[PDB]
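From first to last, the protein sequence lines are chains A, B and C.
Convert by adding 508 to the 1-based position in the first sequence; the result is the number in this note's numbering.
Convert by adding 508 to the 1-based position in the second sequence; the result is the number in this note's numbering.
Convert by adding 508 to the 1-based position in the third sequence; the result is the number in this note's numbering.
Every residue, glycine too, gets a C-beta built ideally from N, C-alpha and C.
Following: one structure in structure tokens, then a few remarks.
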Amino acid sequence: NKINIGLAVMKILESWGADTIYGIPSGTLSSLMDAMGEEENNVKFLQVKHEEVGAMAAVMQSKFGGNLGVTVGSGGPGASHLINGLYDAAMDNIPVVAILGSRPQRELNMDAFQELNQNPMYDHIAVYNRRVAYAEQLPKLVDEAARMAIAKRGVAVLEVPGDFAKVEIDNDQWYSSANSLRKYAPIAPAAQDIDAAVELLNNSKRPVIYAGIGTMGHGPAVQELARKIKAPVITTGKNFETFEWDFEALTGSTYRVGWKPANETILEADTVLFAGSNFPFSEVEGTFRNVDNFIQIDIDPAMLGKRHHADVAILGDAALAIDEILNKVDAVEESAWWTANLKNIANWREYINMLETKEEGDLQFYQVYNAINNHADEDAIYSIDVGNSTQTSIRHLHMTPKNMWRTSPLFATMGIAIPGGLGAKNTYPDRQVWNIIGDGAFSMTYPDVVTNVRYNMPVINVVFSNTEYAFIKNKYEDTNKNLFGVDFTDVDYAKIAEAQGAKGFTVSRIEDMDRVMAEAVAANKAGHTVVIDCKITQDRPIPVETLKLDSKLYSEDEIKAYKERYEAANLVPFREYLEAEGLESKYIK
Amino acid sequence: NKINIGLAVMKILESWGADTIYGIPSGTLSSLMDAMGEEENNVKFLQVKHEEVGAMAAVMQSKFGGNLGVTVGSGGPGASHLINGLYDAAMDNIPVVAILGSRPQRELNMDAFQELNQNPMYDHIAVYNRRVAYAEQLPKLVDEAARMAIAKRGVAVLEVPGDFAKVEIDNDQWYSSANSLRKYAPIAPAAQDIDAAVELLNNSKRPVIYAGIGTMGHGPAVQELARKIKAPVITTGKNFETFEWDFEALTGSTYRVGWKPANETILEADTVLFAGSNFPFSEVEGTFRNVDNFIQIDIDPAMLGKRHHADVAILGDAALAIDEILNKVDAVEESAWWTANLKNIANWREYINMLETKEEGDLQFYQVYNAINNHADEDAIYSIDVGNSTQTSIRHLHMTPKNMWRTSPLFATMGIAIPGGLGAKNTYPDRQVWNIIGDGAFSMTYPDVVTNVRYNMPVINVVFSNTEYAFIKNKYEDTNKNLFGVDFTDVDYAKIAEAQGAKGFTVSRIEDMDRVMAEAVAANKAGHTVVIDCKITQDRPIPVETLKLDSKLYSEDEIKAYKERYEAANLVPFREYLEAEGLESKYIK
Amino acid sequence: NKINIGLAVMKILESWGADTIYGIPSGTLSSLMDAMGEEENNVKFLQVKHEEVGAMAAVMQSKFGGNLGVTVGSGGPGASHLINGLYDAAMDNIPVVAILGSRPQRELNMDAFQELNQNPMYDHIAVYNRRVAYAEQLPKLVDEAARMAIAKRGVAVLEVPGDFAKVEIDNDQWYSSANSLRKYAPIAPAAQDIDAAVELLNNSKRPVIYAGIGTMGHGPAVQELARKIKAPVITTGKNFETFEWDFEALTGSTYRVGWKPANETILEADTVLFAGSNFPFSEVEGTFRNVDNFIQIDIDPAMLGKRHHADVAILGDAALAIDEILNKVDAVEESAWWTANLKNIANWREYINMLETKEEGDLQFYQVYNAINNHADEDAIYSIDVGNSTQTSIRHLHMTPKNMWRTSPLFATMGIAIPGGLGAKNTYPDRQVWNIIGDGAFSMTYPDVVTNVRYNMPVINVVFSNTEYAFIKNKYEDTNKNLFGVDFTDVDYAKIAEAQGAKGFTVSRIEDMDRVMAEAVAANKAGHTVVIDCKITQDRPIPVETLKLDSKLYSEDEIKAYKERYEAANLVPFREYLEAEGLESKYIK
Ligand SMILES: Cc1cc2nc3c(=O)[nH]c(=O)nc-3n(C[C@H](O)[C@H](O)[C@H](O)COP(=O)(O)OP(=O)(O)OC[C@H]3O[C@@H](n4cnc5c(N)ncnc54)[C@H](O)[C@@H]3O)c2cc1C
Ligand SMILES: Cc1cc2nc3c(=O)[nH]c(=O)nc-3n(C[C@H](O)[C@H](O)[C@H](O)COP(=O)(O)OP(=O)(O)OC[C@H]3O[C@@H](n4cnc5c(N)ncnc54)[C@H](O)[C@@H]3O)c2cc1C
Ligand SMILES: Cc1cc2nc3c(=O)[nH]c(=O)nc-3n(C[C@H](O)[C@H](O)[C@H](O)COP(=O)(O)OP(=O)(O)OC[C@H]3O[C@@H](n4cnc5c(N)ncnc54)[C@H](O)[C@@H]3O)c2cc1C
Ligand SMILES: CC(=O)c1sc(CCOP(=O)(O)OP(=O)(O)O)c(C)[n+]1Cc1cnc(C)nc1N
Ligand SMILES: CC(=O)c1sc(CCOP(=O)(O)OP(=O)(O)O)c(C)[n+]1Cc1cnc(C)nc1N
Ligand SMILES: CC(=O)c1sc(CCOP(=O)(O)OP(=O)(O)O)c(C)[n+]1Cc1cnc(C)nc1N
Ligand SMILES: [Mg+2]
Ligand SMILES: [Mg+2]
Ligand SMILES: [Mg+2]
């Protein structure tokens, strides 16, 4: 007639679909874990080597479309180790339950061993943050923690004295509210707002669609609208998978982790259809400084008019809004604007393709991605870390909506890749998973490669060894009138992988890349976790946030040096393509 | 006539003796670092692979008697990575300056990239926590940060917008208050309080001295007092180096990370001289439940009467107090109490020595320490990690005041060892440094082994590979009516070390341990960082917090099993030694 | 071509409808206020005597259906004084912008006069909490503060260095996003969920509708449903105005601030239609312990299944849900259940009416309310303070949807009444406003009576002088086996009102109450603020949370004493009415 509180907690977690708990065992968590596996319960424990990797995996699990993740941290140091993963979830508004273990109740406030008040730890970023006051309410609080993490789209934190889960209660003294879980269906936009948008788009001479992840699942519709009104497409760094990598009108993304086309288009555009985005560089980089009209679509009222004055605001689902717009807007037969953009994009793709298809020489980022493109499954999942890998992956990977690409986009914590792969593979065990990592970030997390090995969750780690914290050093050449402290010694990551039970590869030449990738993938299909140590050059990826190509903006000397350093001799400034179509730059005089 | 704000900051840090900054480069920290090395400034940057290791090294640097440490974390993820190191410093009351990099001022509050309010992050544990409001006051705030960290004995945190250090100011618009640094000299205790202590000690039939780190530097005096009044000595887990490892009257420490003698003595004692300690298990483990009188010595008023009712309270330096007491107290010629304790200690040392000196078989903790004892320098420094290593090191290392032993004693974060070695070697470059680590903790920090290699700071890493998070699993056998999730796969750490430019060794047999240690030390003296992968058994160290040896407390079956499992056939319960001297247990009936 | 930042802020506030700022002038707020009134701006300043009254008025302004309120607090003490008002808004989820003045930027971090970090002050309860980093972004942050307070339904806090508002900017460097303000229209519920509800209601033998403020604006529909299926109605303490005070099937509210009928009905009910409520006593008072089925309607997913296991969960507007249910459910011709409830309600109304209509004697709460009922406008607004006034007002006021009743229901801060009247009168200048206050709460706020006088915002303060903190003392008789410290001396509040420029009245006899109220109202219509000092008895209002009337639950002695003390000789326990209709209590045996 009674049940162990720990088993009740597992039953509740199971009811909310939270069937995986990431973490490291602890005395302050013994009771909870001791209950795992009872009465046919299916909540599994995935042991990591560093609690931050567990927290990040639990979060990335949801990012990749998986179930609500749960992460545990032992009282004190275990709990504090969850921070980078929780801050990432908070900034990305991703649901995740964090359980902080604690000393038994009798020890609280006694200044005992590893005994402290952990309530302040995550109060600032959490949507729910409580210290269980007595054993009997633990089930209710775990249930609410799940409900709140999901409803508030954020981090739900519970501090749990270690002695509570051992307590027993009547089976009728607990319940799950998972059965009452309800979510709102996509909301249609106000016709009045769609019409105002249509009018502006019809009258615009240089329209451009800036699509954020709010357009996820509606890329075809966005591409259709783009072609109907001849409006080029700009995407955000988080939304590339939404488009066919080779879409004729895709200009890429603006600023640093972007493409040349996008950065030029935005400064020449008249009307922007800001769809489902909260682009953070908007104000500080003056992204929309030359735009005449601004139309925004978003399901969140707090975002309407946030990044720029909105001439038209549309509250509602991006899909529905795009569909309504597509159907009501006037078709455009030809546009000098569209034609110039297509050619500018084509020019950029020539540049990118020639870099990717070199046949011999010292290995660069480009050829590694080329190889990934020639060997990856069409529905491959990419877990991207922070640094040059982010910048290059969205330029050189050839994705489509069949893929998934995720990173730590806003908080931007390094080391998100390996955890990303764990959450992905846990969700899709038969799906090919890639972790694209810089050596600096890999260095903050490679001990967890063994986790994939131990749990038979085969992933392919691609490590870019340039022996520098490049993303910073590269920028140091600009912002810094010096440099200093951005390089380190190279280590044999392939050998480290072997020591961990993984399969390691080392490659440093372009002419060996295709074979190495072939062998790495074959190994992954043999059930092995792989680490490809790519010893690349220190060539800095082309900095499209500072395009030194237009002779009316930079000196010939500057242009020559820029072309030379970035192998961009054939890149043509957008103004040339505009003028060829009889148009004039609206800001370059 | 002007100076770069960044150079001013370095000059101020240099004036406070803070000549080393630990961290990882960042765009949000570029300005500050760019200034390092100018105008003959000698503030060096030590690059780590994970910011938590940098934060911990900066803290351990002071713990080991070094200069004020400085740690940097890039805005957001870099800063949050400092947490485990800062919480350790906070709980241990260790001075440390933490600089959090941040987006440029113009980006603050704009919800820009990696832009957030970091003030809440460490407000709870810091003694100083401010966000620089404008460039010109950065020097003043760094100066105050140093002054406050030192005066308040804690964490001083500054959030610094990345664009401030580039600003220039008049040389007369900044100054360091380091020249005004003043500290109080040891304060003599009130004679009235010393006399009350003396009277109690003179009249006590079973005195015992419980010495905490407040007695650091006065071990000889404590040993002299112990012999004068025939009072055995109990130490805290943090204070072993204060005594000669083989002192005839040293009973060790109480509770889990302790010895058998100490745990028995405390339950049989009448009067306790609690000198310079804030022992955290006092109340929750009922350490002093059978004590009749309690005398406390401490320089901190907040501690007087905290762990137990104090019959006599002495405010002042432990050295001075011990000296005053020693001189005024009556000499004791013989004591049945003393005699029984000495024999109980001798019995324990027989047990410990026989474990350490085995000649053949599967390697255990014991023989690794035996080897360390036979090959280490007499002034060696030991950086101890958290787990079975802590428990075993204080039982098997043969230290004296010439040594230094430090860990993460209260917050108890794993992974403190490697950082400890960095701070130690940075402070004493020609001194032998040992990092004693469990494989679980090593797994949270081994990527930083390369840091010692890269910076030519040779250390000896001793890794205990039992393929479990033993300290927890061991206790799981008691507290848990099950277990689960406490084991992992073994990895070749020696091979990982080689891949990092370090020298690796692997040992699994007792008969090879002496030679392996010899070769490891010789390598360390050759300037190499070493990793000794000790493949040990899963034998649980004897649990002295639950001594099942007295037939009046446990069944014969229990005693037999306990002796069998812990190879303690020859250990004799303290009550036998007491009775042999004509005394009776005061609680065992 | 340029504009003062302060004027820009006022223009933005005006665009969001925030035309009133409550507070007290300050050096740290001088710049902002100095700009009020410029270029035809219409943002007015309402000066209070205590900043907490200003914060509460700004909040109550929205509670009463007014515009977004703004409250200001001078750096340090002025800002901290806002706390009770902000916590009330936070717990009630009411939008409000709070501006904290601060020392000029140059003084920040200098430990200057009244200079401190106010970011921690309200971080825990705010939905937006930032310190303006530079003058130029102040406009953008005020605009976002308004947008966020509204979108997040909570407290938006901005700390503003006093020197920023003086700075000038280009008119094109600021904009308001108020034009993009959009809100979701009522969402229809899932038909599947409505049908499950209907089925349960059709099959229920004892249905009951528990309506919270989510049903606001749909009382007629709720009353119609109640009559159609013969389900009595229970309301929450915040939702009385939604029903006609004399609705035949209104049982009142459960627990302490409730009626006898409601408290009995809930323990005898089978199926509950929990509509638009988040009743806080649910679990701790076991409100639904005897209920068989539970159906919940709410627009917030986080609330579904929170207060009790939900057999049916309906996500969507309460109006739409009630309408769908009303139309699909089966009509019920007669019900023994309904009949018994109506008679129990009628019995309660006989009791209440006889108390209210006494003709002579010492004045009690009852006759004051009787008088208010006979003289108040039909659309009067009632601002209720915390204490016996809350308990009694919902029992003795005769409200309808034409009225508005508001208090501090969850955080429950005393002193909310006067601020409530200010916000109400500011919103509806020609509407009759009543402040019902206990003397204890009046004592925390009467200096602000002058505010109504000074700003010609005539209100009627009704003060219940029982010279005790009754709501507590009353309960002290139960929970406390003593009492102590709950009484104080009586003061002449009428005389205090006169000293403040208000009109004071004093009444202590039932036979004078009608005339006094008549004269008080006539004075209010003469444009004067009135204070009616009601010297009442210390008679404790009947405690319906402990009904000692059923002989099968209490001894005859207890019942006699209960009837005697609360003049309830004629109250009949519900079980009698149930049995008379051939039904049996489901829990009283
Ligand atoms: C090292 C690094 C460098 C980077 N560099 C760049 C860079 O140069 N350029 C760049 O663009 N990014 C860059 N990023 C990523 C960048 O920081 C942002 O995270 C990203 O651009 C935000 O993209 P977003 O607008 O698509 O989505 P979010 O910021 O997640 O916003 C999505 C919006 O969509 C709305 N929404 C959600 N669902 C719907 C729906 N159904 N209908 C309508 N609206 C909906 C939401 O309410 C929200 O407002 C970088 C990241 C890293 C780690
Ligand atoms: C995994 C793990 C297990 C552990 N297990 C144990 C265990 O079983 N048993 C155990 O004992 N410890 C154990 N520890 C260590 C333990 O948690 C405490 O940190 C330690 O015992 C505190 O020792 P202390 O009293 O010497 O010093 P502190 O707690 O640092 O207190 C020192 C006191 O000395 C005072 N003081 C300082 N200078 C002076 C002066 N000049 N004169 C006078 N007073 C002065 C201070 O004000 C303070 O009150 C463990 C640690 C870990 C990480
Ligand atoms: C001294 C004091 C004593 C008190 N004593 C009592 C007492 O004895 N009994 C009592 O009942 N109260 C009492 N109260 C008030 C009590 O504390 C609660 O604040 C009140 O009962 C909450 O009422 P509620 O459920 O209507 O609304 P709320 O708690 O405000 O919850 C309203 C719910 O409606 C939902 N909602 C909003 N709009 C819609 C919509 N359009 N459609 C559907 N759902 C919607 C919301 O999401 C929310 O879940 C007392 C207050 C004080 C100050
Ligand atoms: C964006 C940001 O803040 C970056 S990008 C970057 C370079 C990463 O180097 P890696 O070697 O992994 O990759 P590479 O650029 O390909 O060489 C650093 C150090 N940072 C700062 C930083 C520091 N520390 C942490 C934990 N997270 C971040 N994001
Ligand atoms: C004390 C405490 O909280 C311990 S002791 C311990 C076992 C350490 O295992 P390791 O393999 O390093 O050593 P071993 O015991 O010799 O096998 C754990 C997991 N914990 C919990 C824990 C978790 N995570 C972190 C960051 N710090 C701590 N202290
Ligand atoms: C509910 C709650 O917490 C109450 S009800 C109550 C009695 C109020 O006395 P008053 O004289 O105003 O009214 P009366 O009951 O009619 O005599 C007190 C002191 N409290 C505690 C309390 C204390 N202080 C403040 C600021 N707010 C509250 N709510
Ligand atoms: Mg790199
Ligand atoms: Mg281990
Ligand atoms: Mg009163």
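Min CB distance residue i to chain A below 7 angstroms
i: C:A734; result: no
i: B:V941; result: no
i: B:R962; result: yes
i: residue 1131 of chain C; result: In the structure as shown, chain C starts at 509 and stops at 1097, and residue 1131 of chain C therefore has no counterpart that could be examined.
i: B:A516; result: no
Residue i, buried or exposed, once every other Cβ within 10 Å from all chains shown has been counted against 16
i: B:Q700; result: exposed
i: C:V792; result: exposed
i: C:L991; result: exposed
i: B:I880; result: buried
C-beta neighbour in chain C for residue i, strict 7 angstroms
i: B:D678; result: no
i: B:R638; result: yes
i: B:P647; result: no
Any non-hydrogen atom of ligand 8 within 6 angstroms of residue i CB
i: B:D947; result: yes
i: B:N974; result: yes
Ligand 7 heavy atom lying under 6 angstroms from the CB of residue i
i: A:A978; result: yes
beta-carbon residue i near ligand 5 non-hydrogen atom, thresh 6 angstroms
i: A:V556; result: no
Near ligand 2: residue i beta-carbon under 6 angstroms from a heavy atom
i: B:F787; result: yes
i: C:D1047; result: no
i: B:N747; result: yes
is_contact[residue i, chain B] using C-beta, thresh 7 angstroms
i: C:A641; result: yes
Cβ-heavy atom distance, residue i to ligand 4, below 6 angstroms
i: A:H904; result: no
i: A:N627; result: no
i: B:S534; result: yes
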